[PDB]
Each structure stands twice: as C-alpha cells, then as structure tokens.
Amino acid sequence: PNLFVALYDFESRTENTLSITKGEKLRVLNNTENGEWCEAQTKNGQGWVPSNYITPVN
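Method of determination, as annotated in the archive: X-ray crystallography, at 1.6500 Å resolution.

This is the structure in structure tokens:
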C-alpha cells in the first residue's frame, strides 16, 4: 500500500514531524529502522508521524 489514512489525531511542534487529523489522507514515503515512525505527505506538507497512527486506505 502507498495511500494511508490517519487513525488518530497527532500533533507535534518539533522539527520534521507532521501534524495529522483522524481521517486525513496521506502517502507514506519512508520509515525509521525501528518502524515506529513513518514519513508522511499530506496537503499540509511532509514530515514524520507515528507508524501506528495510520492505516492503509486499501
């Protein structure tokens, strides 16, 4: 899968993270070696989010 949707709201102010809202669509482009964080892209930009806060649309 390449297209995902946010499962839960996630908000962070740190650099490189991306804020996402439940139901918001996102494309995943990369992840950490530990798999706990995913690099997501939305209409708001690109940044890192918790990998267990998203789920495939497919």
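There's plenty left to go through after this.
Draft legend 1. Molecular detail of the overall build of the chain. Helices and strands together make up the secondary structure of the chain, namely 0 helices and 5 strands. Listed by position from the N terminus, the elements making up the chain come as β-β-β-β-β. A globule of 58 residues ought to have a C-alpha radius of gyration of about 10 Å, and the chain, at 10 Å, matches this closely. Dimensions of the chain, computed from the C-alpha atoms along their principal axes, are close to 30 × 25 × 15 Å.

Draft legend 2. Seen up close, the side chain of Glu-24. Mapped onto the elements, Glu-24 comes out in the loop between β1 (3–6) and β2 (25–31). For the buried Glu-24, no salt bridge is present, and the opposite-charge side chain at shortest range is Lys-43, 8.2 Å distant. Setting aside residues up to four positions removed in sequence, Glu-24 forms contacts with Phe-4, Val-5, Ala-6, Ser-19, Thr-42 and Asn-44.

Draft legend 3. Spotlight on unusual backbone geometry. Look at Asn-16: it is not a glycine, yet its phi comes out positive at around 85 degrees. What makes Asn-16 exposed here is its relative accessible area of 59%.

Draft legend 4. Expanded view of the side chain of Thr-42. Relative to the helices and strands, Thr-42 is located in strand β3 (residues 37–42). Other than its neighbours up to four places away in sequence, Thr-42 contacts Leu-18, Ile-20, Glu-24, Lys-25 and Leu-26.

Draft legend 5. Spatial organisation of the sheet that holds β3. Pairing is antiparallel across the open sheet formed by 5 strands, whose spatial order is β4-β3-β2-β1-β5. Since the sheet does not close on itself, it has two edges, and those belong to β4 (45–50) and β5 (54–56), each with one partner. Taking the axes of each pair of neighbouring strands and ignoring which way they run, one obtains an average angle of 45 degrees across the sheet. Sheet topology note: the β1/β2 ladder contains 3 bridges and is antiparallel. Across the sheet, the residue bridging to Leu-3 is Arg-27, located in β2.

Draft legend 6. Quick look at the packing of aromatic side chains. In total, this model carries 3 aromatic pairs according to the counting rule given. Within the aromatic cluster, the residues linked to one another by ring pairs are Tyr-8, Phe-10, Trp-37 and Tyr-53.

Each value, and the rule that gives it
Within every chain, residues carry numbers counted from 1 in written sequence order, not necessarily those of the entry, while residues missing coordinates are excluded from display. Side-chain measures were taken over the full set of non-hydrogen atoms in the model, leaving aside hydrogen atoms and water. Residues with missing side-chain atoms are left out of burial classes, side-chain pairs and their counts. Here a strand is any run of E in DSSP of at least two residues, a helix any run of H or I of at least four, and the numbering for each starts at the N terminus. Throughout, the radius of gyration refers to the C-alpha atoms, and the reference size of a globule is 2.2 Å times the residue count to the power 0.38. We call a residue buried when its accessible area falls under 20% of the maximum for its residue type, exposed when it is over 50%, and partly exposed in between, using a 1.4 Å probe and counting protein chains only. Note on charges: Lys and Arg go in the positive column, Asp and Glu in the negative column, and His and the chain ends are not counted at all. Salt bridges are defined as contacts in which a side-chain nitrogen from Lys or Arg sits within 4 Å of a carboxyl oxygen from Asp or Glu. We call two residues in contact whenever any of their non-hydrogen atoms come within 4.5 Å of each other. Each pair of strands is called paired provided DSSP finds at least two bridges between the two strands. The axes used here are C-alpha line fits, helices contributing only the stretch in contact, and every angle between their N-to-C directions lies in the interval 0 to 180 degrees. Between rings of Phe, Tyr and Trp, where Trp is taken as its six-membered ring, a pair exists when centres lie within 6.5 Å; planes separated by under 30 degrees are stacked, by over 60 edge-to-face, and by other angles tilted.

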